[PDB]
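Going by the authors' numbering, the first residue of the sequence shown is number 1313, and it counts up by one from there.
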Amino acid sequence: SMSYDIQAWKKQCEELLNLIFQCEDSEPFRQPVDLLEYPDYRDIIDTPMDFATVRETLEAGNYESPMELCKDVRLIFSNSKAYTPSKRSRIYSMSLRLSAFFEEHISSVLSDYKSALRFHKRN
Ligand SMILES: N#Cc1nc(Cc2ccccc2)oc1N
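Structure, rendered in structure tokens:
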């Protein structure tokens, strides 16, 4: 059961998403971009992603691992870097700060999960 629990990441990710939604820096990234308020968005971005979509995908049980969730979160930030490439932009700075916060906190979730996997595979 509790040591090396291969399902513990789910609640840990739910908690991290709660922290992210609290952050003022997540405001531009909470919901899908409105494709009529920004009609050139899809000209630039192939695969839109936002934190409400990540949170619903997790709730629906559609991530097989925390690495899958992490891929979608990283897409939020890589899409922002493509759409708002200027380091002058306060939106660029927001994305950088929130990315760094996410990467700090996801680190232990991933390493713990992979350790659990290695242990169960070995035994
Ligand atoms: N001002 C401003 C601005 N407004 C957008 C739209 C946006 C923002 C965040 C994520 C996705 C899309 O980019 C900018 N640089």
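Positions of the beta carbon are idealized from the N, C-alpha and C atoms, including for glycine.
Between which two residues does the alpha helix (DSSP H) carrying residue i extend?
i	result
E1415	1402 to 1434
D1355	1353 to 1356
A1394	1378 to 1395
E1327	1320 to 1334
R1367	1363 to 1371
Residue i: which of the options sits nearest, CA to CA?
i	options	result
residue 1274	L1328, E1336, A1320, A1394	It is not possible to answer for residue 1274, since the shown part of the chain is limited to 1313 through 1435.
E1327	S1313, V1366, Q1343	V1366
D1346	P1360, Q1334, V1421, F1333	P1360
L1422	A1372, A1320, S1315, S1313	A1320
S1427	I1318, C1382, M1314	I1318
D1384	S1411, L1348, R1402	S1411
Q1343	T1396, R1430, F1363	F1363
Self-check item: Chain-ordered list of residues that sit, by beta carbon, closer than 6 angstroms to a heavy atom of ligand 1
Solution: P1340, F1341, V1345, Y1350, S1392, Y1395, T1396, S1401, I1403
Quiz item: Within the chosen definition, does the region 1377 to 1393 reach the region 1403 to 1419 through at least 3 CB pairs nearer than 8 angstroms?
Solution: yes
Quiz item: Does the region 1370 to 1378 come within contact of the region 1338 to 1347, defined as at least 3 CB pairs closer than 8 angstroms?
Solution: no
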